[PDB]
Each structure stands twice: as C-alpha cells, then as structure tokens.
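# Close look at the chain arrangement
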Amino acid sequence: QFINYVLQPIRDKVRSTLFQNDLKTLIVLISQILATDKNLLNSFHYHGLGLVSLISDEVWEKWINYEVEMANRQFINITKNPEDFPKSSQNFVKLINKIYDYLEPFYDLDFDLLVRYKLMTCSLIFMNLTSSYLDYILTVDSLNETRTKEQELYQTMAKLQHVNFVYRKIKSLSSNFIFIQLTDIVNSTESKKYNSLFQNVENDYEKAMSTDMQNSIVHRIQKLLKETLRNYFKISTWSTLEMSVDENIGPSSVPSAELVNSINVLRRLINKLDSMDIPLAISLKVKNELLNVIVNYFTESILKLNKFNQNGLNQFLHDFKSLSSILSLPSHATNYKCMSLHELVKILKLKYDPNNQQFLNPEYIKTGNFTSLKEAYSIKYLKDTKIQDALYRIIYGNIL
Amino acid sequence: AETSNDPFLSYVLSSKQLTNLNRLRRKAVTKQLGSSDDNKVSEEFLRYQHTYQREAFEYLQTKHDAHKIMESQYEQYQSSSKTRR
Amino acid sequence: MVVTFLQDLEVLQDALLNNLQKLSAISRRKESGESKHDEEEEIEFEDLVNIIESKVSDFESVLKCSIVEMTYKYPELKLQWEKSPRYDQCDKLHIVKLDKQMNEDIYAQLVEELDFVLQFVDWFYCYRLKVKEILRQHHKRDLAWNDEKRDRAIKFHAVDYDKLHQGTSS
Amino acid sequence: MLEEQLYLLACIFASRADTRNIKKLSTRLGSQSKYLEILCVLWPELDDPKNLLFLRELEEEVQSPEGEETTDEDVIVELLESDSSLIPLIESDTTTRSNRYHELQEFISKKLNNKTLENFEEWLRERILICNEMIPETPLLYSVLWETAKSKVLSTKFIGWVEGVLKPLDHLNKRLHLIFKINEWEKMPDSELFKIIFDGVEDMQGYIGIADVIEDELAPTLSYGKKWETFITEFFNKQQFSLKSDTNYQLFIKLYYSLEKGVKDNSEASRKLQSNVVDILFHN
C-alpha cells in the first residue's frame, strides 16, 4: 500500500505529462519504465501496480497501431523486390528477432490489462507477419521471365529451405516462454485447448512442402527424365544383345551408352537436392518416389516391352542399379518396388538356371500353386498371375 | 540426512510395469493391426494410451531416473574407489 | 552398424530422459529454498531447454522419417500420423490399408516395428505433455519463487527492522 | 560375495524377462528354493501366455549337469560385458550392496507372506494366485503349464484342486462374467459360496446349464470339501425348494439325482438327503 500510494503521485505527474508524446520517444519511455520496474523488483522490492497504469488503453492502441504499421513497413521494405528473395528469410527472422527483441522488454511486464495487447501483438504481428511471409514466399517469382525447369526445381527447393528456416524459428517462438504464457492464458481466457498460436501457418508450411512442391518436383523430375529416357526406351538390342565376353571385367560393368546422359543429369539434380537443406523426411520421400517411378518405367517400358537374353537382363539390372545408386538410401533402407524388381529379375534368371528345370512343365504351370518355386528365390512380394506371365514369356521364346 | 534411494527395487518394479506395458501394447497393436476392421480403430488400441500412456511414461521416467541415480551412485563409488586406491 | 531409425529414436529418447532428469533436478534445486549466502543455473536451464527443442525437432524428424521408411517398406500398408490439434488428445496413427496375405515373419516384424513406433509416438506425446508440464512447472516455480524470495526478503528486512528499533520503550 | 551378486543378477534378469540369462543362473544360487522364489515373485506377473515351460523343464529334468562349467566369475564377467547398463548394478559397492540384497529379500518374503518354496507345485500355485490379482478372468492362464505336465511332476492334490476349484471357478466366471478372485473364492464361506452358486439356477431355460454347474463345480467341490452333507443340509431343504415352479421341481429332481449319485458311501448323508427330500415334498 505504501509503495502503491507513493507511486500514485509519480503516476500523476507522468500521466499528466506522458499521454502526449512522440511514440518513438514513448518507446524509450516505456523501456525506462519497465527498467525502473525491474529495479523496484530487485533493488527496492515492490510488487504492485507499476507506472504502466498511466498509459491509457487508447495510448496502447495507438502504440500497437504504430507498431503494426512499422512492422508492415519494414516487411514491405524487406519484401518489395525479387532479388530480396535469397536472404529475405534470414532478414525476416532478424526482423522477427528485432520485433521479438523490441517487444521482449514489453513482454517482460506482468500487467493484466495489457495481456490483451500481447495477444494483439502475437496475432497482428507474429501471426500476421508469418502468414504474410508465407503468402509471399508461396506466391513469389524472383526468377527471370525466361527460365529453365532446373531453375524451377531450384526456386522450389530454395522456397522449401526458406520454409524450414522460418519454420524452425516459428517452433522456437512457440517454445518461447512468453508466448507459452500467452497460450496458457488465452486457453484460460476463453474455452480453447489450442496447442500453439498459429497451428495452421506451420500446418500450411508442412502441407505445401510435403505435397505441393514435393509433387511438382517429382513430376518435373519424371518429365525431364522421360525426356532423357527417350532413346534408351528405343533400345532394341536387348533381344540380340550378345555378351562382350571380357574375361577381366564383370558382365557389362558399364551401363547403356544411351542412358549415361540421364544418369549424369539425375546425379546433378539429386546432388543439388542433397546439397540443398531439406527436412530429411521430404528428401527421402521424393528420392523414394523417383526410385518408384523409375522402377515403374523400367518394369513397364523396358522389361515387358522387349525381349532379353542372358546378358540383356544383366545389363538392364546394372543400369537399374546405377540409376538407383544415384538415389542412395540415407543410412538404412529397403524398398517395396526395389525388392519387387529384384524378385522379377530373379524370375527372369530362371531361363539360364538349368537346375530346377522341373517347373517349366505346363502342368505344374497350370497347377497354380508355386510354393516350391517361391522357396527357390525367397520371393515375397509377387502374385501368381505375374509368375504365369513370366513363364509364358519364357516358353514363348522372349528370353533367349 | 543422506537421501537413501535404493533405486534397485523401484527399477525392478518399473521394469515389471514396463514389460507389462510392452506386452499390453503388443497385444493391443496385435488386435488393432490384426483388427479385421481396417476402417475402425479398436477401443483397445486407443484405450492403451487412453489408460496407460501416463502410467507408461511415469514408469519409464521412474526407470530412467532410478537407473541414472543408480549409475550416478555407481560413478560416485567408482570415483571414490579410484581416489581411494 | 546401420543405425535403424528406432535406434536413433531410443538413443535420442535416452538423452531426452537424461535431460529431463537434469532439468527436474534443476527445478527441485530451486525448490530447496537456497539463498546466496542461481543466475548461471537459470542460463543452464535455458541452454538445456533449447537443447530440448533441438532434440525434439530431431526426434519428431527422425520419427517422421521412420514413418516414411515403414510406409515404403511394405506396399500394402498405408499409415498416416495425424498430429492431435488438441493437448488433451493423443496423436493418431490410422493404419489405412493392409493386405492380409503378407508374409507371417514380415508380418510380425511389421508388428514389432509398429509396436515400437506407437510406443514412441505415445511416449513422445506424453513427453511433449511432460515438457509443457515442466516448463509450466518452472514458470509457476518462478512465480512462486520470486514471491518466496519476496517473502524471504520481507521477512529478513522485517526482522532487521524489528531488531533496529520499533519503540521498544513501552 | 558371489552369492548376493548372482542374486542381483537373478533380480535384474527376471525383471527384464531374460530367459536366456536366467537359465544359466538357474543352477548357480546353491539353493533351488530361493532361486525359484525370486524367479516367481520378481518375474513379470504378466510375462507371456506360457514362454516359461523352460523353467518347468529346469525343474523337471535336472539329472546330469553336464553343461559348460564356465566359472561363476566368468559368467558374471561375460554377463556384465554383454550388458553395460547392469554393470553398475553388479559391479557394486561394499555392504551397501548386501543391504540392497537383504531389503530385497525382505520385500520378497513380505510379498510372499512366509511361503517357503520347495518344488514347482507351490511355485505355480502361488504364481497363478498372485497373477490373478490383476487377471480379470483367466484361471486357464497357466493351463498349458500343467496340461503337458510330465508324469509324477504334479501331485494329485494339485490336480484335484484345479479340477475342483480352478475349473469350477473358471466355469462359473465364464457363466456369469464375474471377476471372482481365486483367493476370494476359496476364502469364500461355503454359505455365501452356495448362495451365489445357486443364484440364477432357476432362470436356466434348459437342462445343460442346470445339470452342468453341479456336475463340474458344485458336486466336485462338495466331494473335495466333503460338503455332501452340509450342502444338502443348507440348500437341499424345503426353504430353498419351495416346489412352486416346475423349474424348481426339475432342478430339485436333478440335484437329488446328482448328489444321490455323489453320496453312495455315506449312509448318514443318504439318510439326511432322504429325510430332506421327504420333508421337502411333505411340506410342498
């Protein structure tokens, strides 16, 4: 009571002489106020109403209005030109940091009538700036009018790296004790159980980066790939592919000449990918999807669409293995379609295994049960119809 | 007053409840995945961590805290023995 | 030694439990009524917190990675991790597709992996709950401990006041 | 020194349900009793449907201990080297370790409540008991542990106790979906025990359930408890048999047949039941 009532005349003097003042001056004013409040916390302990009470709600509204104005201003200043792209995120963070640095002492106060304004600053600044930056980076083109597809990949992955760079900062903000207290209060202020502030901005980031740019990337990669798979698809020698019998080198240790270019392209592309900063999950997804589509292309446009000999399957498997090596699994992985292709090529290798020649009889074929066969290669991922297709292709001379 | 813990028996009980939790979870996901209703999550699956989540976490936390108190006691005894040697 | 995602999960979880025991020790340290007769202890708490958030990002990351790995291991399986939009509700793992003709050994292996990952996602739900609980615990302890230091300074200044002079001539 | 050490190894292995580790240690304690005891009380009460016939066999076939005579110290060393986490547990301090060991043994004796353990019999019996403390309805839990039981490995006492207690309580639980604990069931005074046994026996719309519970639960209990006469005294009377309903009449005839078949050597019980039935029909 004593310290309250001795602050009272101080409050009177200042309020009579602070309600009209420069907002920029009001900044240093309120900072000195909260610094004296620190002082009266530690040095001369007092734990009642501070000088903040002088500032009328209208003054607080004018202040946060100037604040949101300066926020939007600095934002448009750092986001007005395309060349601002590659560093904006960082600066953006900095701005937020600055904003966080600027509001951190204001956030330090504990006065109740202002927690509302802390909500407003969280929404109309932090939520607002994050949403606006999300919209911008989502709808932005810092790239020249004339451009290449690889550049589209590049801007998408730089977008994604900006997404992750801002998203980790958003998560740190979420873990910030001030915003934590904000969320706890607002959950106790209304009937809500919100786990964060944004809860959508982060979700929008994740959805965009995991579906939109992910799928566009894999689509573009598939497109340029089929573009590079043009002549390799036209390879007809698979039938009459006589082994270059080299006693010193394994069978066809070098891939098809018409595919090495595609190999170098993919190598470059996935190299840019790996060198780019992505949440590992998305990289694994897109790499497995590229693996997936190349498995599909190989099994359909190559395997089923051509006759092969002993050396043909070896060459083709070698090509596939090189293409997959371009897409190295990170530390430890299998793949459904990879094991499927492996089962496939093992089946194809039945023609040149003159040991279990008993199963090539049409009546064990028509039997429909191939448990004995499936326990010869440990096949695990095939139906029975495709086995019939394979043995038909074998009997029909498609495999010499 | 030196805080005597003997986190051994508490670790034992926590491992007991832990294996119990683990087999309950195993049977639960067994009934769930082996759940013939591919479109309905079993109340057993949900109810596992609707009923044992906090127990599992507190038991695991108690296990780790007990093992860490024990291994701190252990490095303390080790340091005291080596300094004693 | 290919380090399975579950192995990273258990190592990171074990580290996380180390950190939980440490920060809980810090909390119970500040729950001891200790006077300077704290600052770098607070700093260490912030550093350990940022460690918690780094490691929790790593944890959810490798967790998503393991989920993807599972999805691409088995063809017939369609799993989807739906993060609960509410604190009081656990996260969700809807197994959408599963063909019952898969190999029994691989079936049980997927069973054990699902078992471990469900344990992990739920333990992680409870872990996020627990770190929220312990940061609210720390901040509540800050509100109570600044107030208790207020009351201790008030009591010390009060007995100092009282021993100085209070009109003891009556 | 080695005894308490291998003891705590038994503790940790049982707690972690490591059959592989506990197997070697089985013959290392020097007294099978204490080994089986810690093996019973400390083992996970819910460890597996069976997964434990191995310890039954370690109880059954121990005749030629020609296993690898690895020195106990080697066993300790390879065990700690295999699991570093329990090195701190085993590579322990001075008597503080023995203090832990003694308090563990006291906790074991307390949870046991002064149950000496001599062979598999009371082991499995007390195991079933203690696990049923949480088992809602599965008196059949350890069935496999005694169904493939070898010759002369279980006493006819245990067999008749299962057939006359475990099977009956299981059947009645499955009949009415109740959580009657084995301990509370044998605990249960025969008065209320029959009271609940004959509770909805008149609602039985058929001759199977009527003539089944008596066959497998009530009559075996009466034979095991020599309760042929006390039951007919307490229930086979006019008060319990008002003969108001045809169902009561059928049930009365059925129980008369049943225990008449049961009582064939007790002349006093036959006279008692004859007096009972003639009084019942004289009165109703």
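Calculation notes
- Residues numbered from 1 in each chain as written, not as in the entry; some residues may be left out.
- Chains lettered and ligands numbered in written order.
- Part of a larger assembly, values for the part shown.
- Heavy atoms only, no water.
- Helix = DSSP H or I, 4+ residues; strand = E, 2+ residues; numbered from the N terminus.
- Rg over C-alpha atoms; globule rule 2.2 N^0.38 Å.
- Buried < 20%, exposed > 50% of the residue type's maximum accessible area, 1.4 Å probe, protein only.
- Contact = heavy atoms within 4.5 Å.
- Areas by Shrake-Rupley, 256 points an atom, 1.4 Å probe, with all protein chains shown as cover.
- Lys, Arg positive; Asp, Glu negative; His and termini not counted.
- Charge placed at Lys NZ, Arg CZ, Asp CG, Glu CD.
- Arc of directions from axis to C-beta.
- Core = buried A, V, L, I, M, F, W, Y, C linked by side-chain atoms within 4.5 Å.
- Buried area = accessible area lost by both parts, 1.4 Å probe.
- Salt bridge = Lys/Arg side-chain N within 4 Å of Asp/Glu carboxyl O.
- Polar contact = N/O pair within 3.5 Å; in protein donor to acceptor, adjacent residues only side chain to side chain.
- Nonpolar A, V, L, I, M, F, W, Y, C, P; charged D, E, K, R; others polar.
- Patch = residues over 30% accessible without salt bridge, like charges linked within 9 Å, V, L, I, M, F, W, Y side chains within 5 Å.
- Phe/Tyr/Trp six-rings, centres within 6.5 Å; stacked < 30°, edge-to-face > 60°.
- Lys NZ or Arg CZ within 6 Å of the ring centre and 35° of its normal.
- Axes fitted to C-alpha atoms, helices over the stretch in contact; angles between N-to-C directions.
- Parallel < 35°, antiparallel > 145°, perpendicular 65-115°, else oblique.
- Left-handed = near helix turned anticlockwise from the far one by under 90°.
- Expected span 1.5 Å × (residues − 1).

The deposited coordinates for this entry were obtained by cryo-EM, with a reported resolution of 4.5 Å.

A tally of regular secondary structure across chain D gives 16 helices and zero strands. The globule rule puts the C-alpha radius of gyration for 284 residues at 19 Å, and the 25 Å found for chain D is more than 25% above it. Referenced to the eigenvectors of the C-alpha coordinate spread, the extents of chain D come out at roughly 80 × 35 × 30 Å. Relative to its full complement of 284 residues, chain D shows a buried share of 43%. For chain D, the proportion of contacts with a sequence separation of at least 24, taken over those separated by at least 6, is 70%. Carbon and sulfur atoms form 52% of the exposed surface of chain D, whose accessible area is close to 15,900 Å². Charged side chains in chain D number 33 positive and 51 negative. The centres of these two groups are separated by 6 Å.

As a further point, take the overall build of chain B. Tallying secondary structure elements over chain B gives three helices and zero strands in all. For chain B, the succession of helices and strands along the chain, N to C, is α-α-α. Taken against the 2.2 N^0.38 rule, which gives 12 Å for 85 residues, the C-alpha radius of gyration of chain B at 19 Å runs more than 25% over that of a compact globule. With respect to the principal axes defined by its C-alpha atoms, chain B has extents near 65 × 25 × 15 Å. Residues classed as buried in chain B amount to 42% of the 85 residues present. Considering only intrachain contacts with a sequence separation of at least 6, the fraction spanning at least 24 residues in chain B is 69%. Carbon and sulfur atoms form 50% of the exposed surface of chain B, whose accessible area is close to 5,000 Å². Computed over 14 positive and 11 negative side-chain charges, the separation of the two mean positions in chain B equals 7 Å.

Within helix α12 (residues 190–197) of chain D, burial applies to D:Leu193, D:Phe194 and D:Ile197. End-on, the buried residues of α12(D) take up no more than an arc of 90 degrees, which puts them together on one face.

Counting residues in each nonpolar core, the largest one holds 98 residues, and the members touching the most others are A:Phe126, A:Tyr205, A:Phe298 and A:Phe316. Of all the elements, helix α11 (residues 280–303) of chain A adds the most residues to this core, at eleven residues. Excluding residues within four positions of it along the chain, A:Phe298 makes contact with A:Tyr232, A:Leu259, A:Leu303, A:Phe316, A:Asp319, A:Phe320 and A:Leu323. D:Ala211, D:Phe231, D:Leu273 and D:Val277 belong to the second largest nonpolar core, which has 88 residues in total.

Bringing the interface of chain B and chain C into the picture now. The interface is formed by 19 residues belonging to chain B together with 24 residues belonging to chain C. Taken over both partners, the interface formed by chain B and chain C buries close to 2,200 Å², and the fraction arising from carbon and sulfur atoms is 61%. Contact with chain C buries area across many residues of chain B, yet B:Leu33, B:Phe57 and B:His64 alone supply 32% of it, more than any other trio. In this structure, the connection of chain B to chain C is made through three salt bridges. In this structure, C:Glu112 and B:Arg26 form a salt bridge, with 2.7 Å as the shortest nitrogen-oxygen distance. Taken together, the connections running from chain B to chain C amount to seven residue pairs in polar contact.

A separate point is the interface of chain B and chain D. Contacts between the two partners involve 20 residues from chain B and, on the opposite side, 25 residues from chain D. Sorting the residues of chain B by area buried against chain D places B:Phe8, B:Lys16 and B:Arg23 first, and these three jointly supply 33% of that buried surface. The tally of links from chain B across to chain D stands at one salt bridge. Note that B:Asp6 is salt-bridged to D:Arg100, the shortest N-O span being 3.4 Å. Counting every contact that joins chain B to chain D gives twelve residue pairs in polar contact. Going through the elements one at a time, α1 (7–33) and α3 (53–84) of chain B are the ones with two or more residues in the side of chain B that touches chain D. The dominant element in the side of chain B that touches chain D, judged by the number of residues it contributes, is α1(B), at twelve residues. For the side of chain B that touches chain D, the class distribution of residues is nine nonpolar, seven polar and four charged.

At the C-alpha level, the nearest point of chain A lies 18 Å from chain B, with no contact between them. With respect to C-alpha atoms, chain C approaches chain D no nearer than 12 Å, and the pair has no contact.

This part is about a nonpolar patch on the surface. On the surface, A:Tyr392, A:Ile395 and A:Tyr396 cluster together into a nonpolar patch covering about 330 Å² of accessible area. Mapping A:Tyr392 onto the fold places it in helix α16 (residues 385–395).

A full pass over the atoms with the stated rule returns 44 aromatic pairs over all chains. Taking 5.7 Å as the distance between ring centres and 75 degrees as the angle between the ring planes, the aromatic pair formed by D:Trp146 and D:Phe158 counts as edge-to-face. Within this pair, whereas D:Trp146 is found in helix α9 (residues 143–147), its partner D:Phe158 is found in helix α10 (residues 156–176), the two being separated by twelve residues in sequence. A residue is classified by how much of its surface remains accessible, and D:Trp146, at 15% relative accessible area, is buried. One aromatic cluster is present, built from ring pairs that chain together A:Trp60, A:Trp63, A:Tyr100, A:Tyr102, A:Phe106, A:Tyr107, A:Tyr117, A:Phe126 and A:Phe179. Taking NZ or CZ as reference, A:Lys118 lies 5.1 Å from the ring centre of A:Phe106, over its face. Over the ring of A:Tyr154 we find A:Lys272, and its NZ or CZ is 4.7 Å from the ring centre.

This paragraph deals with the environment of A:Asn97. Residues and elements named next belong to chain A. Mapped onto the secondary structure, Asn97 falls in helix α4 (residues 85–108). Residue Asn97 is classed as partly exposed on the basis of its relative accessible area of 21%. Spatially, the C-alpha atom of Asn97 lies 9.7 Å from that of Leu173, the residues being 76 residues apart in sequence.

So, about the side chain of A:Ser322. Relative to the helices and strands, A:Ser322 is located in helix α12 (residues 310–325). Setting aside chain neighbours within four positions, we find A:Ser322 in contact with A:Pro255 and A:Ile263.

Axis angle and axis distance: for two packed helices, these are the angle between their axes and the distance between the axes, and together they describe the pair. Residues and elements named next belong to chain A. The contact between helix α10 (residues 257–275) and α11 brings their axes to 11 Å, and the two run at 165 degrees. For the element pair α10 / α11, the angle class is roughly antiparallel. As α10 packs across α11, the resulting crossing turns out to be right-handed. Seen from α10, the contacting residues are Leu259, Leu266, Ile270 and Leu273; seen from α11, they are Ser283, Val286, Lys287, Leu290 and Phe298. For the contact of α10 with α11, the per-class residue count stands at seven nonpolar, one polar and one charged.

This next bit is on the pattern of salt bridges. Scanning all chains against the criterion turns up 30 salt bridges over all chains. With a closest N to O distance of 3.8 Å, C:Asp160 and C:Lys163 form a salt bridge. Of the two residues, C:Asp160 and C:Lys163 are both situated in helix α3 (residues 104–164); the distance of three residues between them amounts to about one turn of the helix. C:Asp160 gets classed as partly exposed once you look at its relative accessible area, which sits at 27%. Among the ionic pairs, D:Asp72 bridges to D:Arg28, the shortest N-O distance being 2.7 Å. A residue pair is termed long-range when its members are at least 10 positions apart, and D:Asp72 in helix α5 (residues 72–82) and D:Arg28 in the loop between α2 (19–25) and α3 (32–41) qualify at 44 residues. Classification of D:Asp72 as partly exposed rests on a relative accessible area of 30%.

Moving on, we come to the environment of A:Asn39. Residues and elements named next belong to chain A. You can see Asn39 is positioned in helix α2 (residues 23–42). Classification of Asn39 by relative accessible area gives partly exposed; the value is 33%. When the C-alpha positions of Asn39 and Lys285 are compared, they lie 54 Å apart, and in sequence the two are 246 residues distant.

What follows deals with α10(A). Residue and element names in this part refer to chain A. Here α10 spans 27 Å end to end across 19 residues, near enough to the 27 Å set by a 1.5 Å rise per residue. Inspection of α10 places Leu259, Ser262, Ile263, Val265, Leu266, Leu269, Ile270 and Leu273 among the buried residues, and these make up the whole buried set. Those residues of α10 that are buried lie in contact with α6 (149–175), α8 (201–228), α9 (230–233), α11 and α12.

Turning our attention to the packing of helix α1 (residues 5–30) of chain C against α3(C). Residues and elements named next belong to chain C. Put simply, α1 and α3 touch, their axes get as near as 11 Å, and they point 20 degrees apart. As summarised for this structure, α1 and α3 are arranged roughly parallel, according to the angle between their axes. Judged by the sense of rotation from one axis to the other, the crossing of α1 with α3 is left-handed. Along its contact with α1, which presents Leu6, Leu9, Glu10, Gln13, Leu16, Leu17, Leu20, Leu23, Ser27 and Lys30, the element α3 presents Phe120, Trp123, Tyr127, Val131, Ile134, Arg141, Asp142 and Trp145.

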